[PDB]
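# Descriptive analysis of the structure
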Amino acid sequence: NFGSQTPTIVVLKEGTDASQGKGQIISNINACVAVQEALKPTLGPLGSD
Amino acid sequence: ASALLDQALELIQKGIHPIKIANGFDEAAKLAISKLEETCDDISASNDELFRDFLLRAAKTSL
């Protein structure tokens, strides 16, 4: 009423990441599999550094 | 060290694992040290007059 715009009230702050859907927990698993790939060939005596 | 690395490049092309390459130089390095320790002669039996000359042999080599 005090303004012609009447902005819609967002729940969270601007810039907050996305939310529920399909692939949220899968991204966390793929993030762990990504870090797990770096430590993968370092296993055993015949590994690498 | 570059000579060991340059010769290791050809062996990586053949598909040898690097640990077998590294273990080979470790056994070869100790074997070469064990041979060179036997063949070299001792100079402590000589007197001080000749021991000074051995320093002159190495002094002219380093300068």
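### Concerning the overall build of chain B
Looking only at helices and strands, one finds three helices and zero strands in chain B. Taken over C-alpha atoms, the radius of gyration comes to 19 Å for chain B, far larger than the 11 Å a tight globule of 63 residues would show. Each principal axis of the C-alpha atoms in chain B carries an extent, and together these give about 55 × 25 × 10 Å. Counting only carbon and sulfur atoms, one obtains 60% of the accessible surface of chain B, whose full area is about 5,900 Å². Positive and negative side-chain charges in chain B, numbering 7 and 11 respectively, have mean positions lying 5 Å apart.

### A few points about the overall build of chain A
Counting secondary structure elements, chain A contains one helix and zero strands. When the backbone C-alpha atoms are referred to their principal axes, chain A occupies close to 75 × 20 × 10 Å. Counting only residues that meet the buried cut, chain A has 2% of its 49 residues in that class. Of the roughly 5,100 Å² of accessible surface on chain A, 61% is carried by carbon and sulfur atoms.

### Digging into the packing of aromatic side chains
Summed over all chains, the structure comprises zero aromatic pairs over all chains. When the ring centre of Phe54 of chain B is taken as reference, the NZ or CZ atom of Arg57 of chain B above it lies at 4.8 Å.

### A look at a nonpolar patch on the surface
Taken together, the side chains of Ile43, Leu50, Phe51, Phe54 and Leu55 of chain B define a hydrophobic patch exposed on the protein surface, amounting to about 390 Å² of accessible area. As for its placement among the helices and strands, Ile43 of chain B is situated in the loop between α2 (18-39) and α3 (48-62).

### What to know about unusual backbone geometry
Residue and element names in this part refer to chain A. In this model, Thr6 sits at a positive phi of 55 degrees, which is unusual for a non-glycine residue. Within the element layout of this structure, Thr6 appears in the segment before α1 (24-38). For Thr6, a relative accessible area of 55% puts it in the exposed group.

### Some remarks on the environment of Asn47 of chain B
All names here are of chain B. With respect to the helices and strands, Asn47 occurs in the loop between α2 and α3. Here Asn47 falls in the partly exposed class, since its relative accessible area comes to 41%. Sequence separation between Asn47 and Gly24 is 23 residues, and the spatial gap between their C-alpha atoms is 42 Å.

Cut-offs and rules
- Residues numbered from 1 in each chain as written, not as in the entry; some residues may be left out.
- Chains lettered and ligands numbered in written order.
- Part of a larger assembly, values for the part shown.
- Heavy atoms only, no water.
- Helix = DSSP H or I, 4+ residues; strand = E, 2+ residues; numbered from the N terminus.
- Rg over C-alpha atoms; globule rule 2.2 N^0.38 Å.
- Areas by Shrake-Rupley, 256 points an atom, 1.4 Å probe, with all protein chains shown as cover.
- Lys, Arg positive; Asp, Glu negative; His and termini not counted.
- Charge placed at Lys NZ, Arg CZ, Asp CG, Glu CD.
- Buried < 20%, exposed > 50% of the residue type's maximum accessible area, 1.4 Å probe, protein only.
- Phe/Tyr/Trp six-rings, centres within 6.5 Å; stacked < 30°, edge-to-face > 60°.
- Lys NZ or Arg CZ within 6 Å of the ring centre and 35° of its normal.
- Patch = residues over 30% accessible without salt bridge, like charges linked within 9 Å, V, L, I, M, F, W, Y side chains within 5 Å.
- Salt bridge = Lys/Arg side-chain N within 4 Å of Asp/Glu carboxyl O.

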